[PDB]
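Below, in structure tokens: the form deposited in one PDB entry, a single chain.
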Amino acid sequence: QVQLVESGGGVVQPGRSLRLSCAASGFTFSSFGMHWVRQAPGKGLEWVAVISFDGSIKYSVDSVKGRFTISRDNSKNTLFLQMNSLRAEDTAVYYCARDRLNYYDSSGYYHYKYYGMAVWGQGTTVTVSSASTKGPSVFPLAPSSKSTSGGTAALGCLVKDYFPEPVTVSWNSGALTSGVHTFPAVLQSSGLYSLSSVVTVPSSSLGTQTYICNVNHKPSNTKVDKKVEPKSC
């Protein structure tokens, strides 16, 4: 029952705005102080801002002052974060969290007792980039002497230059699951993504079987099925 569900994340260019939501339930949302904490991909937790039970007291990091505006709606049990003038360094997963205790203990503008963030949401992803939506080019990684060892050949597909994430990959419309190594994407200098997916199969099966990778990229409406086979002369 006690939880926080977030939404409003997405992909936007530098300078644009985004509104995040955090719907609370299982407790009196109007009693507790609420936080926003963000985490850049593969980085530490950075506290963003905090708002009091009644919205009358707010604090935030210097990084986001004048750009981000924390607010809430107690009649609707929702926390908000109006992010304006977004930069590249704002790219992160944004969590909303609740104080452990409803009552705060201040002794001035600079002093509050830290009781800890007891409840956390699952997060919502914000990706700030100047790259435009693009579908992948799918190229075959053909099997060969250099791909084969001990009667087991490797073959795959190169999913190059797409934006944004994510891309799903399968083999033979899901019929081929054993030996599938789909690697996480690499983010290039151009702002475009690339990833590879490889299947280990018997060398004897190559001539009696056709292997097709099924690359799907929903943001660009790109669905490609690429036949992978040995190269000739």
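All residue numbers refer to positions in the sequence shown, first residue = 1.
Keep in mind that the form deposited in another entry is missing from the display, and what follows is about it.
Are residue 160 and residue 52 assigned to a single rigid part between the shown form and the other one?
Per C-alpha fit, residue 160 does not go with residue 52.
Shorter or longer C-alpha distance for residue 89 and residue 161 in the other form, given it differs from this form by 3 Å or more?
Closer: residue 89 and residue 161 approach by 3 Å or more in the other form.
Hey, the CA atoms of residue 161 and residue 88 end up closer or farther in the other form than in the shown form, with the change being 3 Å or more?
Relative to the displayed form, residue 161 and residue 88 draw closer in the other form - a change of at least 3 Å between their C-alphas.
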